[PDB]
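>>> Below is the sequence, then the experimental coordinates.
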Amino acid sequence: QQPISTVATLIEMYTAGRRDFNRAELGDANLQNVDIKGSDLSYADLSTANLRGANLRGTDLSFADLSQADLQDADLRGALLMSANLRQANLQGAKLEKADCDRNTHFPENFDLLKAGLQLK
């Protein structure tokens, strides 16, 4: 195997039933409105990815680089965000209720974790 490095391939495999996309290199991927719920994206590079409206429910995004990702209106409910880098992510309208984080998750500056519904882990 190899880490996935293209949208086409990610989406082809995901509908093939694959869910391990550990270490995916998708740093500038256009993933607007995709449904990849339940995928393992831990350690992925999504640093300038367009994830607007994406369904990321129940995904494992631990250690992922989402530092300047566009997550507007994305669904992250139940996702694992421990040690993820969301430092300058656009989280407007994103749904984070019951997503899990830890002391090492880097959220944006004014981001209200309580109102967002985050859980510690």
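Looks like it came in fine. Numbers count the residues shown, from 1 in each chain.

>>> from here on, contacts and neighbour counts on C-alpha atoms
Will do.

>>> Scan this structure for its longest helix.
As far as residue count goes, and with DSSP state H defining each element, the longest helix of the chain is helix 7-15.

>>> mind listing what's buried in that helix?
Residues of helix 7-15 classed as buried under the neighbour-count rule (16 or more other C-alpha atoms under 10 Å) are 7, 10-11, 14.

>>> What of stretch 78-92?
Buried residues in stretch 78-92, defined by neighbour count with 16+ other C-alpha under 10 Å: 78-91.

>>> who touches it?
Identification of contacts with stretch 78-92 by C-alpha atoms under 8 Å, 6 or more residues apart in numbering yields 56-74, 96-109, 121.

>>> wait, what's in contact with the residue nearest the centre of the chain?
Taking C-alpha atoms, centre = their mean, the centroid of the chain lies closest to residue 61, which sits 5.2 Å from it. The contact partners of residue 61, taken as C-alpha under 8 Å, 6+ apart, are 40-44, 79-82, 84.

>>> related to what we said a few turns ago, out of the contacts of stretch 78-92, which are inside strands?
Among the contacts of stretch 78-92, DSSP state E puts 100-101 in strands.

>>> Where does residue 115 sit, in terms of helix or strand?
helix 113-116 (DSSP states H and E).

>>> which residues does the closest residue to residue 29 other than its chain neighbours contact?
Of all residues not flanking residue 29 in the chain, residue 49 sits nearest, at 4.9 Å (C-alpha to C-alpha, 6 or more residues apart in numbering). The contact partners of residue 49, taken as C-alpha under 8 Å, 6+ apart, are 26-31, 66, 68-70.

>>> how many neighbours does residue 104 have?
12 (other C-alpha atoms under 10 Å).

>>> Look up how far residue 2 lies from the closest residue to it other than its chain neighbours.
Across the structure, with C-alpha to C-alpha, 6+ apart as the measure, the residue nearest residue 104 apart from its sequence neighbours is residue 83 (4.4 Å). Using C-alpha to C-alpha, to the nearest Å, residue 83 is found at 23 Å from residue 2.

>>> All good on my end, thank you.
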